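> As a preliminary step, the opening chains of the complex are given here in situ:
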Amino acid sequence: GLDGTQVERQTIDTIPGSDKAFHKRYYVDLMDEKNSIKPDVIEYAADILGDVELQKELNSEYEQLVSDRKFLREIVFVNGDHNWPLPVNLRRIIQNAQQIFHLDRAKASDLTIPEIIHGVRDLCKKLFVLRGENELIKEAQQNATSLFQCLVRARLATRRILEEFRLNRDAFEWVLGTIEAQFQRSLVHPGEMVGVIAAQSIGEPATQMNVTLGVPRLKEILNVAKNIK
Amino acid sequence: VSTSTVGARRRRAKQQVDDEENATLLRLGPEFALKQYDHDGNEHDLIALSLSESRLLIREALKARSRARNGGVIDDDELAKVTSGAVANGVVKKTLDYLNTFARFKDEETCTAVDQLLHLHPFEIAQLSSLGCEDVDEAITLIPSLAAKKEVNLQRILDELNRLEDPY
Amino acid sequence: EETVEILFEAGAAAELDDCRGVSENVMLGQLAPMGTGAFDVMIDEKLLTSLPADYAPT
Amino acid sequence: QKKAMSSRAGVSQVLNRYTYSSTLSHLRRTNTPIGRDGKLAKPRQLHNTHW
Amino acid sequence: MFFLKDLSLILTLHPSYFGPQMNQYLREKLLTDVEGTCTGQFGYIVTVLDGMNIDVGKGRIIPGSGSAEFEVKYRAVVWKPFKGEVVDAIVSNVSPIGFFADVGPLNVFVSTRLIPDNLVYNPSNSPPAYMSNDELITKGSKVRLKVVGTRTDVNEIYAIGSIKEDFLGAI
Amino acid sequence: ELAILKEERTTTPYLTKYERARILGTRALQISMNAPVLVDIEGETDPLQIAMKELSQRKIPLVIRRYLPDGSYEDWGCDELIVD
């Protein structure tokens, strides 16, 4: 459902690497003292350790990430490619948030884990390619944004948000709102003559161009031939 | 200019004589179909107004539009004035005087009574409310269609009509 | 393509052209149901009646 | 004249007098009447025997 | 005869009029435009039932001109004659070659050849009128007259009747 | 019959590029025909720029009727569609 000018190549970070690297990037542990959040980044560091009613949410996050990993590796991208054109550049959003909210001095972050997890969960349920309360509408809406949700969850992970990007609450809310608005701006408009646009986008490159290739092969393809060269 | 729900009437290859008007023989024209429609396309029975229903409707409409003109604040020679244009006032004056020179039912009450009693083809239905007739003869000869329906009831309906007819 | 043959076949079979296409609206010199012409622009009364009473038709 | 179709065209041309070398070249020109109806690139090709 | 009629009138409105009291201006324009007109396909538009309560709906802007189009549909009352329909009247004019009788919004004229021959004209009577043994078609008489002809002229139509048939004429 | 109630309107709440272009053109043409202007005209005299000012302030009194492929349509006032 996206306009073809609005998407940019982006890496899906849950796809590549070994399982150990994935686990180290994404898994947080609350009871285990060492493999938890680094204490020197958050105000509430001492309050975190040992909790359970939060380790449940951490496990839910990690299991959703593993579901995305399995889905992308076995159904969508079986050969490992992870750099694909997608709407909304998240690298640029994160760095713009850092610039705007001045994320230096590695200050204690006031951004709690449950709020991060629920913010990303709520965001994933706010990207509307199709509007309607129907049931096939809901199915098509979730099928529409599955890859983009995989991207948004591979980037806005709890460990990544807290350690790698060191966002506070304001930068976090800004990232969510900007993703909302820029995704709503990446959608194709009703009335587009996408057929004429597609015809021109295919025909123009033909003006600049023992397997048959180029113009004769394109001619065989479009003039569907019963035998080929 | 003046159009209505009657639209295409597109051309079939066979043409037809049915456009010939003859009111003795229930031929009126392709504008008064036995089942009308409204401006919402819904089906609706044909209307054929007698002088009584028409007089009530026109009096009501004129006084309503006068009340609309006054902000919310009696005679046909005055009541026809509500229109716009000299030709309009003249036409409506002649129509209202025509109505008040032949309105045997000079109230809404008896019009309602005849509405209940009557409700049969609206042509003759209205013409009975418009044409005083003594016995079966005048009706069945001036309106020749009451013969081939075998539901006449003209005797008693006309009796009660002329009974309810106010003096003059 | 095949303009004359297609028109002859349309005549011989009484084709009805709906005129919902682009080229058909082009050759008749009408606004195509495309892009800016894929919708209609009404005159809004609900927003209009908010105007000052001296801006009225006379 | 009545067989203008099926006759070779352009066998005679208006002499080009724009400049002197254009005239000298027009007087030494040659024409293969293949025609443009046909995409055979072979007769359009510079050949070894052209030397 | 009076017929209730569903009818429409397409209209065009200039942008200069695009104000806060638009709908009532269109209502007045409609009332002025339609109240009195004749059409050969409908009859005569004397009045309109519930005139102030016509719905103008939502108008459409014509692409290229900027004027709004309205399909203001409403149900009105129309009066149309039909050849072979009996219509009452009152005489208006008198003449040796016949007389005029006002029917509905019109005036009907009957010719000399189409009149019972017991009727005799008089240029010298006071009042001048047609007369017979025990009858007088004076001015202001009633006439139950049949229509045997109606020509359709776009603005005003005229019907010439005949009182030559039984149960018809002076009453 | 073909109108849709304001509750089950399932098209985009955002003004598209084509709707914006046509709305601005129509408003500019209207204002150039001495139509009344809803905004306060401060400096600019070009009807297109006045129309843009009206569009930004949600003061264009027009309606977009969005036809669906089945013939039905939805009506949206310009002031309730969202402008980017």
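Here it is on my side, so go on. Numbers count the residues shown, from 1 in each chain, chains lettered A, B, ... in the order given.
> Would you pull up the residue in chain F closest to chain E?
Closest approach between chain F and chain E, counting by Cβ to the nearest Cβ: residue F:35, at 3.9 Å. For every residue, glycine as well, the C-beta is placed using N, CA and C.
> Pretty sure that residue sits against residue E:18.
Yes: applying Cβ atoms under 8 Å as the test, residue F:35 and residue E:18 come out as touching, 5.1 Å apart.
> Which one's more surrounded, those two?
Using other Cβ atoms under 10 Å in any protein chain shown, the more surrounded residue of residue F:35 and residue E:18 is residue E:18, with 23 against 19.
> Provide a list of residues in contact with that one.
Residues in contact with residue E:18 (Cβ atoms under 8 Å, 6 or more residues apart in numbering or on different chains) are C:43, C:48, E:68, F:30, F:35-36, F:61.
> same question, residue F:24
Contacts for residue F:24 (Cβ under 8 Å, 6+ apart) come out as F:48, F:51-52, F:55.
> Please narrow the residues you listed to those residing in helices.
The helices, defined by DSSP state H, take in F:48, F:51-52, F:55 from the contacts of residue F:24.
> In a strand, residue B:15, correct?
No: under the criterion used here (DSSP: H, G, I helix; E, B strand; the rest coil), residue B:15 is coil, not part of a strand.
> Count the residues that sit near it.
By the criterion of other Cβ under 10 Å, residue B:15 has 8 neighbours.
> That one and residue B:9: what is the separation?
Residue B:15 sits 12 Å away from residue B:9, going by Cβ to Cβ, to the nearest Å.
> Show me how chain E divides into domains.
Residue ranges for the domains of chain E, per CATH domains of a matching chain: E:1-82, E:83-171.
> could you dump those domains to CSV with distance to residue A:76?
Converted to CSV, those look like this (distance: least, Cβ to Cβ, whole Å):
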stretch, distance to residue A:76
domain E:1-82, 45
domain E:83-171, 73
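> and the ones you listed, which is most packed in?
Between the domains of chain E, the one whose residues have the most neighbours on average, counting mean count of other Cβ atoms under 10 Å in any protein chain shown, is domain E:1-82 (a mean of 19).
> Relative to the whole chain's centre, how far out is that domain?
Domain E:1-82 has its C-alpha centroid displaced from the chain centroid by 19 Å (Cα atoms, centre = their mean, to the nearest Å).
> Skipping adjacent residues, who's closest to residue A:97 in space?
For residue A:97, the nearest residue in space outside its immediate sequence neighbours is residue A:171; the separation is 4.1 Å by Cβ to Cβ, 6 or more residues apart in numbering or on different chains.
> in the helix or strand containing the one you found, what's buried?
Counting by DSSP states H and E, the element that carries residue A:171 is helix A:169-185. Going by neighbour count (16 or more other Cβ atoms under 10 Å in any protein chain shown), the buried part of helix A:169-185 is A:171-176, A:178-179, A:182-184.
> Put this one in as chain G:
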Amino acid sequence: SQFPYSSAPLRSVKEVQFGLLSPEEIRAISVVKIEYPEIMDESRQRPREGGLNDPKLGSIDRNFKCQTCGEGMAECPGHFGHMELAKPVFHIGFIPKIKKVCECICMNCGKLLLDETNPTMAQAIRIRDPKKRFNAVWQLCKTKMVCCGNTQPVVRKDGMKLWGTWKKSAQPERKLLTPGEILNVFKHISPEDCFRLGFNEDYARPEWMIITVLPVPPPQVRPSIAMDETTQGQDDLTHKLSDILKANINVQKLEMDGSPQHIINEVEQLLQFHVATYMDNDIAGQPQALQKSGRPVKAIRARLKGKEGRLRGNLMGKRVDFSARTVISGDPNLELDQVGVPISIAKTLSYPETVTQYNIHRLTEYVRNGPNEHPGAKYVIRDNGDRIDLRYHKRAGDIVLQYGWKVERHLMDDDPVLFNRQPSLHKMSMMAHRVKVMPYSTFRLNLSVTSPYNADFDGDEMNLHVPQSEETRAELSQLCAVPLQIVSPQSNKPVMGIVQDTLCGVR
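With chain G added, the chains above now look like this:
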């Protein structure tokens, strides 16, 4: 508004319903029967009534009006006549379908060879499309050789003559099927039978594929022209219609006297050939209707097809007013969405600007300036459409501009114009630019836009189109403007980049 007032409502075409013209309706819509061949009256004024230049057909002259409608050439549409034929003839564009119907039907009593009894045809009837239904009925009904009980012929085509071989029962006596005999057979097909083969009762009746009366187009469709100030040759269609009339009259000179059966066929076939080549002069395996200059006649079909035909040459694309063209030049000092427009072009082209209470001073200064000075104006349009040319108007000082009036001022700075280079391979070959008026005769382009246009400055030329209303101005500036086309959907990357000297210099 440049059309005189008509009282009819203005509507748009929602449905096109093709059909054949029925001989009844052809006679009905006509205004004059055409029978006299000769073009002039007698080498004199006011031409022969009932000829191909009947004034009833309409006016193609500037100082004469149409005798059918009372309008001058600026407004008269033209009116059709008719020309009854001595014998019926085939429509050249329907012979294959005439042959197909002949194979399908019973050629004596007018009935389908097979009924709904046979379930194959009983299910072939069930196709909604007339053409698919006709194909499904022809692929079955064409082989049964009996109905009444009369056997069926094997129809065949040899040129324009439809042969039908009757194999009686040995020697199959093969006879020629004339258009009139097929017409008689075809009139007998019943409406439901007609429906089954895929025709229509109201719009397309199978016998209308046989011509019995021929429409004569108005002179607008076949106008004359002027050679040297005193000379005129008729259009090809006119000479073709004259030849058809001669053939018709020669036919009417054979059934009135001696005719030893080898002239009736010949002259009727002359009529058939003239009628065929009046419509289609590209018939395989026969000579072409020729001109005495040796060229073939420009038939109607040849008028309608091709790159230069009506459809592709006059309807899908056409020549337009208010455009300009000249060589392009590069200008480092222009903005990306600016184009430099020569002064002479800025004065030749114009924009009609409605006078309002915000532009009356500027427009009255333009009116005073005149059409030979920039910024000026060329025309003043009054509130009813009357033009006031400001060239020949000697008194340009005595014009007061009314509100609602229109001034056709010059092209000025910041006007949006569509700018274009051929070939237009993609949507970024046509872009909207703001005008900047300049000395010298070339257009000016910022150098970063030469990539989407694929242009350079060694001879190239580009076209400029001026929008003539506020709606088209707004469309250009809000959809086609150069800044809006920087990113392309073809490869979701930019199309304009820093180029040539700025790239080398920035490195």
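> Same as before for the neighbour count of residue B:15, with chain G this time.
Residue B:15 has 8 neighbouring residues, counting by other Cβ under 10 Å.
> is chain G contacted by the helix holding residue A:171?
No: between helix A:169-185 and chain G, judged by Cβ under 8 Å from any Cβ of the partner chain, nothing touches; the nearest distance is 13.0 Å.
> At which residues are the helices of chain C located?
For chain C, the helices defined by DSSP H cover C:3-13, C:22-27.
> Looking at chain D, which residue is nearest chain B?
With distances taken as Cβ to the nearest Cβ, chain D approaches chain B most closely at residue D:5, which sits 46.8 Å away.
> residues in contact with that residue?
Residues counted as contacts of residue D:5 (Cβ under 8 Å, 6+ apart) are residue G:294.
> I figured residue A:203 hits residue G:425, correct?
Yes: contact status for residue A:203 versus residue G:425: in contact at 6.9 Å, counting by Cβ under 8 Å.
> How about chain B: which residue is closest to chain A?
Relative to chain A, the nearest point of chain B is residue B:40 (28.2 Å; Cβ to the nearest Cβ).
> Tell me how far that residue lies from chain F.
Relative to chain F, residue B:40 is positioned 8 Å away (criterion: Cβ to the nearest Cβ, to the nearest Å).
> what about that residue, which helix or strand?
With elements taken from DSSP H and E, nothing contains residue B:40; it lies in neither a helix nor a strand.
> Phi first, then psi, for the closest residue to residue G:425 other than its chain neighbours.
Nearest in space to residue G:425, with sequence neighbours left out and distances taken as Cβ to Cβ, 6+ apart, is residue A:204 at 4.7 Å. Taking degrees, to the nearest 10, you get phi -60, psi -50 for the backbone angles of residue A:204.
> is any part of stretch C:27-45 close to chain A?
Yes: using Cβ under 8 Å from any Cβ, stretch C:27-45 reaches chain A at C:34-36, C:38-39.
> now that we have those, which one has the most neighbours?
By neighbour count, taken as other Cβ under 10 Å, the most surrounded of the residues of stretch C:27-45 next to chain A turns out to be residue C:36 (24 neighbours).
> need the contact list for that residue.
Taking Cβ under 8 Å, 6+ apart as the contact definition, residue C:36 lies against A:191, F:18-19, F:21-22, F:25, G:475, G:479.
> just checking, what's the longest helix in chain F?
Here the longest helix in chain F is taken by residue count, with DSSP H as the criterion, and it is helix F:17-32.
> Can you check what angle separates that helix from helix F:47-56?
Here helix F:17-32 points in a direction 120 degrees away from that of helix F:47-56 (axes from the mean of the first three to the mean of the last three Cα atoms, to 10 degrees).
> Quick check: residue G:337 touching residue G:435?
No: under the contact definition of Cβ under 8 Å, residue G:337 does not touch residue G:435, with a separation of 10.5 Å.
> now for chain H, put it on the one above:
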Amino acid sequence: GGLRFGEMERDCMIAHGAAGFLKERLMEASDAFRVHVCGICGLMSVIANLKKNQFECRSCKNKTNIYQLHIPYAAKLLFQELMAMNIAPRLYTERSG
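Just below you will find chain H, in place on the chains above:
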């Protein structure tokens, strides 16, 4: 003369979605014309006398259901040539089915 706004230019305008500009190029910058059609038969056989305000399609014997259409002059010429080859292009201003 004027410049040709050919087929590929139309493709580019269509890609841009500029419908009004395309209609204005092909009509008001070129052979725009006004014709009357019969509301019953849909043929351009209507006899219009504009100064006498009287219209008639003789074939249909019609004088009241007639409409005006603005179409390219080349389209009127195309329909007249089609009529010359016995085809009826019937232009209808409302959809039935």
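> again for the neighbour count of residue B:15, chain H present now?
If you count neighbours by other Cβ under 10 Å, residue B:15 ends up with 10.
> Please report how far it lies from residue H:60.
Separation of residue B:15 from residue H:60 (Cβ to Cβ): 10 Å.
> just residue E:142 next, same as before
43 Å.
> Pick out the residue of chain H closest to chain A.
Going by Cβ to the nearest Cβ, chain A is nearest to residue H:15 of chain H, at 4.5 Å.
> and the one residue sitting closest to the centre of chain C, what does it touch?
The structure's chain C has its C-alpha centroid closest to residue C:31; by Cα atoms, centre = their mean the separation is 5.0 Å. Applying Cβ under 8 Å, 6+ apart to residue C:31 gives the contacts C:25, C:37, E:63, H:19-20, H:23.
> same question, residue H:35
Residue H:35 sits in contact with G:77, H:44, H:68-69, H:71, H:76, where contact means Cβ under 8 Å, 6+ apart.
> change it to 10 Å
For residue H:35, the contacting residues are G:77-78, H:44, H:46, H:48, H:67-71, H:73, H:75-76, H:79, H:91, taking Cβ atoms under 10 Å, 6 or more residues apart in numbering or on different chains as the criterion.
> what do you get for residue B:97?
For residue B:97, the residues meeting the contact criterion (Cβ under 10 Å, 6+ apart) are B:76-77, B:80, E:90, E:102.
> wait, which of the residues you listed is closest to chain G?
Chain G has its nearest neighbour among the contacts of residue B:97 in residue B:80, at 29.4 Å by Cβ to the nearest Cβ.
> give me phi/psi at the closest one?
For residue B:80, the backbone dihedrals are phi -70, psi -10 (criterion: degrees, to the nearest 10).
> Wait, it touches residue B:86, no?
No: contact between residue B:80 and residue B:86 fails when scored by Cβ atoms under 10 Å: they sit 11.7 Å apart.
> Now name the helix or strand holding residue B:56.
Element membership of residue B:56, judged by DSSP H and E, is helix B:51-69.
> Tell me the buried residues in that helix?
In terms of neighbour count (16+ other Cβ under 10 Å), helix B:51-69 has its buried residues at B:51-59, B:61-62, B:64-65.
> Can you give me the buried ones in stretch A:140-152?
With burial defined by 16+ other Cβ under 10 Å, the residues of stretch A:140-152 counted as buried are A:141, A:144-145, A:147-152.
> Apologies, that question was intended for stretch G:386-393.
Result for stretch G:386-393 [16+ other Cβ under 10 Å]: buried residues G:388, G:390, G:393.
> The last one touches residue G:370, doesn't it?
Yes: the pair residue G:393 / residue G:370 is scored as a contact, 9.1 Å apart, by Cβ under 10 Å.
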